[PDB]
Amino acid sequence: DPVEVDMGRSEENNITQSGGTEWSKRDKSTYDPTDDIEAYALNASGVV
Amino acid sequence: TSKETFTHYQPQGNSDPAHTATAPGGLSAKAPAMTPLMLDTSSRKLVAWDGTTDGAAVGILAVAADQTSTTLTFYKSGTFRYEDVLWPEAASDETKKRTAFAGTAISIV
Amino acid sequence: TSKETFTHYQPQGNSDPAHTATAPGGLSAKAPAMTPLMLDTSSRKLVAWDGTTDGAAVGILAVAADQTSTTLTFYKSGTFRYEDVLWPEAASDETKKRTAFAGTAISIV
């Protein structure tokens, strides 16, 4: 019988690169991914 | 799977003391606690507040009662919450709902 | 004073084995497990038994399924307690409900 397991994952923890500037549209020579990394990591509810 | 929230029941929103009082009632339909009350213009008994007449609100129900309940107790004093008190559907304006218990010892917050 | 009692479920009647087979499922509505089923005439599909088509019983559901469940399992053999099997309201004649599994490895008890 099918069952569901919903741990309670808030949508802020399932971010997707959807949008016109995900990572490839940005120039690799000019862009710094660490800003995206920390922007995603700020809502982590703990040290990653 | 199932998600039931364990929330505290908080009828009072202020430290002001609340006091109970007994009175005759003319309740017409089954009504749970935290029901607004009013006096019948003719029989002078207690019934559920219409939500229409201005200033007719007098008190809030203490314990649920039926039609056969000749005597009922209700809060004559205290402050309650705008959300934990059930209301007649007639009282639609938020301002009217807030100020329905004006001029007495029953207050809303 | 909730008198919920306590009764164990023993769908098996005797030591006969409750062998299970799996076939495509096309039940139109949501039904729980342990429901009787019949074979369709149009597309040899499987739906829960109507309770009116005589001798139509073929299988007895094992796991609860629904419309999206394209395939389902069902017991093949054994003895099931009449009080322990739910039935469609269509069949009311007790003898016919008992004999609904005549000639099959499924038997009533």
# chains A, B, ... in the order shown; residues from 1 in each chain; ligands from 1
call {"tool": "select_by_dssp", "arguments": {"residues": "chain A", "states": "helix (DSSP H, G or I)", "output": "ChimeraX atom specification"}}
result
/A:11-13,33-41
call {"tool": "write_last_selection", "arguments": {"atoms": "N, CA and C atoms", "output": "tab-separated table (two decimals), in the first residue's frame"}}
result
chain	number	residue	atom	x	y	z
A	11	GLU	N	10.04	24.86	1.72
A	11	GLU	CA	10.45	25.10	0.35
A	11	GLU	C	11.76	25.87	0.26
A	12	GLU	N	12.12	26.62	1.30
A	12	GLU	CA	13.39	27.34	1.30
A	12	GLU	C	14.59	26.40	1.32
A	13	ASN	N	14.39	25.13	1.64
A	13	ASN	CA	15.46	24.16	1.66
A	13	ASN	C	15.52	23.32	0.39
A	33	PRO	N	30.73	32.13	-7.79
A	33	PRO	CA	29.62	31.31	-7.29
A	33	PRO	C	29.45	31.35	-5.78
A	34	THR	N	30.47	31.79	-5.04
A	34	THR	CA	30.39	31.75	-3.58
A	34	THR	C	29.25	32.60	-3.05
A	35	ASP	N	28.89	33.68	-3.75
A	35	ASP	CA	27.75	34.48	-3.33
A	35	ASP	C	26.46	33.67	-3.39
A	36	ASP	N	26.27	32.92	-4.48
A	36	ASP	CA	25.12	32.03	-4.56
A	36	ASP	C	25.17	30.98	-3.47
A	37	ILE	N	26.37	30.45	-3.21
A	37	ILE	CA	26.50	29.41	-2.19
A	37	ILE	C	26.06	29.93	-0.84
A	38	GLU	N	26.55	31.10	-0.45
A	38	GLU	CA	26.19	31.64	0.86
A	38	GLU	C	24.74	32.10	0.91
A	39	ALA	N	24.21	32.60	-0.21
A	39	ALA	CA	22.80	32.95	-0.25
A	39	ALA	C	21.92	31.72	-0.03
A	40	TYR	N	22.30	30.59	-0.63
A	40	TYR	CA	21.57	29.36	-0.38
A	40	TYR	C	21.80	28.84	1.03
A	41	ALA	N	22.98	29.08	1.60
A	41	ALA	CA	23.32	28.49	2.89
A	41	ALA	C	22.79	29.30	4.06
call {"tool": "interface_residues", "arguments": {"of": "chain A", "to": "chain B", "cutoff": "7 Å", "atoms": "only C-alpha atoms", "output": "VMD selection string"}}
result
chain A and resid 4 to 6
call {"tool": "calpha_fit_rmsd", "arguments": {"fixed": "chain C", "moving": "chain B"}}
result
0.8 Å
call {"tool": "residues_around", "arguments": {"residues": "residue 104 of chain C", "least_positions_apart": "5", "cutoff": "10 Å", "atoms": "only C-alpha atoms", "output": "list in words"}}
result
residues 57, 58, 59, 76, 77, 78 and 99 of chain C
call {"tool": "residues_around", "arguments": {"residues": "residue 72 of chain B", "least_positions_apart": "6", "cutoff": "10 Å", "atoms": "only C-alpha atoms", "output": "JSON, numbers by chain"}}
result
{"B": [21, 22, 23, 24, 25, 26, 27, 46, 61, 62, 63, 64, 65, 66]}
call {"tool": "residues_around", "arguments": {"residues": "residue 23 of chain A", "least_positions_apart": "2", "cutoff": "12 Å", "atoms": "only C-alpha atoms", "output": "mmCIF file with C-alpha atoms, in the first residue's frame"}}
result
data_model
loop_
_atom_site.group_PDB
_atom_site.id
_atom_site.type_symbol
_atom_site.label_atom_id
_atom_site.label_comp_id
_atom_site.auth_asym_id
_atom_site.auth_seq_id
_atom_site.Cartn_x
_atom_site.Cartn_y
_atom_site.Cartn_z
ATOM 1 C CA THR A 16 16.252 25.403 -7.635
ATOM 2 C CA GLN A 17 18.373 27.376 -10.087
ATOM 3 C CA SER A 18 15.229 28.195 -12.080
ATOM 4 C CA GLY A 19 15.462 31.686 -13.516
ATOM 5 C CA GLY A 20 17.224 33.431 -16.362
ATOM 6 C CA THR A 21 20.596 33.591 -14.591
ATOM 7 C CA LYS A 25 24.321 32.401 -18.264
ATOM 8 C CA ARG A 26 26.776 34.071 -15.888
ATOM 9 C CA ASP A 27 30.293 34.410 -17.257
ATOM 10 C CA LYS A 28 32.674 32.053 -15.476
ATOM 11 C CA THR A 30 33.556 37.317 -14.168
ATOM 12 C CA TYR A 31 31.137 35.624 -11.793
ATOM 13 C CA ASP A 32 31.804 34.293 -8.294
ATOM 14 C CA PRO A 33 29.617 31.307 -7.290
ATOM 15 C CA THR A 34 30.394 31.755 -3.580
ATOM 16 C CA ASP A 35 27.751 34.484 -3.330
ATOM 17 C CA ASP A 36 25.115 32.033 -4.561
ATOM 18 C CA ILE A 37 26.504 29.405 -2.194
#
call {"tool": "select_by_dssp", "arguments": {"residues": "chain B", "states": "strand (DSSP E)", "output": "ChimeraX atom specification"}}
result
/B:20-24,36-39,46-48,57-61,71-75,78-80,106-108
call {"tool": "residues_around", "arguments": {"residues": "residue 52 of chain B", "least_positions_apart": "4", "cutoff": "12 Å", "atoms": "only C-alpha atoms", "output": "NGL selection string"}}
result
:B and (36-38 or 48 or 56-57 or 87-93 or 96-97 or 100)
call {"tool": "write_last_selection", "arguments": {"atoms": "C-alpha atoms", "output": "compact mmCIF listing (two decimals), in the first residue's frame"}}
result
# COMPACT_ATOMS: atom_id res chain seq x y z
CA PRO B 36 -21.96 36.32 22.58
CA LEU B 37 -25.15 36.97 24.51
CA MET B 38 -28.00 39.47 24.48
CA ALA B 48 -27.27 34.11 21.72
CA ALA B 56 -27.24 44.47 22.59
CA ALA B 57 -24.15 42.40 23.44
CA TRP B 87 -19.41 34.83 16.60
CA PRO B 88 -22.81 34.96 14.93
CA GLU B 89 -22.32 35.24 11.18
CA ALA B 90 -24.41 38.43 11.12
CA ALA B 91 -21.63 40.50 12.74
CA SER B 92 -19.49 41.01 9.63
CA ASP B 93 -17.73 44.35 10.14
CA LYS B 96 -18.36 46.25 14.94
CA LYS B 97 -17.14 42.84 16.10
CA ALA B 100 -19.57 45.01 20.26
call {"tool": "atom_distance", "arguments": {"atom1": "atom CA of residue 44 of chain C", "atom2": "atom CA of residue 74 of chain C"}}
result
16.2 Å
call {"tool": "atom_distance", "arguments": {"atom1": "atom CA of residue 98 of chain B", "atom2": "atom CA of residue 67 of chain B"}}
result
27.5 Å
call {"tool": "atom_distance", "arguments": {"atom1": "atom CA of residue 13 of chain C", "atom2": "atom CA of residue 51 of chain C"}}
result
22.1 Å
